[PDB]
Structures are given as structure tokens and as C-alpha cells.
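Below, in C-alpha cells: the form deposited in one PDB entry, a single chain.
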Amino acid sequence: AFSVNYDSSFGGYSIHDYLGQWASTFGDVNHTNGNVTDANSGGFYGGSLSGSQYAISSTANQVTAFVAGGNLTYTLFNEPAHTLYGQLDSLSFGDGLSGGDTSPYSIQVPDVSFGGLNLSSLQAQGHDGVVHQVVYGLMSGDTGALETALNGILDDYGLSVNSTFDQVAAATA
């Protein structure tokens, strides 16, 4: 039940092409040991350290953003420390993050969204869990874990992240 939604200007991009463009614009928020403040922590909708969405905007341009949707919880200092886990269904990418407190986060100039990812990870997997790898990678402007996960999904259709959005649309829709 994987789905893709995209601005039609991306029809002829591969998934890999689009993610490379987004990652080059987003940069890296440097959410690392010695470097974490409110500026680069992002935030959850629905709670302080858990909720139905997690979102963050670029510290390089202040506008490029992603929103992850699902049921997500971050352990902060509980073991295994600094682990994001749960059920991740959707990822939306674009410019202009809005909302997040009394209403859900959304994106004002959206490019692409993936839904039906059905990725699931347990607290005890710590940093090797697929949800943590995907989202922490995106915060660091590294799309590798997401690309590996999407290849796992797309193999059922005989596609991969080198397929264009219009190719994926014809296969899943």
C-alpha cells in the first residue's frame, strides 16, 4: 500500500534525483554530541518527546523542511539513549514548515510525499532501528537509509529509487 504524491514538475526525476536535490538544499542540522540546542532539535506534534509527527527545518536556509508522520517516540536519555522509534507511515518534503502546536505541521510549498511506508522499529533496537536511521539520516542530510528502505518497498513492483516519479505512479496507482 505504498503511495507517492508529487508536484508534476518532478515527474521525470528519479526518486534518488529528488532526494539528492532536497538534501543538498537542506544541508545538515548538526544534531550531534556537543551541538544540540533548540535551534536544531526540531519538534513533535502531539507531545514534547513523542507524537503523531516529527518535523524540522533547515538551519542552512531556514525554509527547507520534512515532516515524518506516524506514531513516534524519542527516548532522550532513557536507554537506549537518543533513539527515535515507533511506526513511520509518511514523509513529506518541501519548503515552508507551518503549524505544529495547536494544529499539525504541514508544508507550504510541498514537493513530494511518500505514504504507506509501513516502517516499524522497537525501542530496544536503539540506533540500528530503521525508523531512527531514516529520520536521523534526513536530519543530517543523508538520504542513504531512506533510499535503502524505499528500494525494499519498490522491489515488489520491480522498481527502485532510480525509477522516476511518473514510473512509480504508473506501477502503484
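Throughout, we count residues from 1 along the sequence that is shown.
Separately, the form deposited in another entry exists; it is not shown, and the next lines address it.
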{"item": "Chain position at the hinge linking the two rigid parts, options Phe77, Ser48, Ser103, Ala124, forms compared between this form and the one not shown", "value": "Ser48"}
{"item": "Direction of the Cα shift between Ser48 and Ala124 in the other form, where the change is 3 Å or more", "value": "closer"}
{"item": "Residue pair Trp22, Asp142 - Cα distance in the other form, closer or farther (3 Å or more)", "value": "farther"}
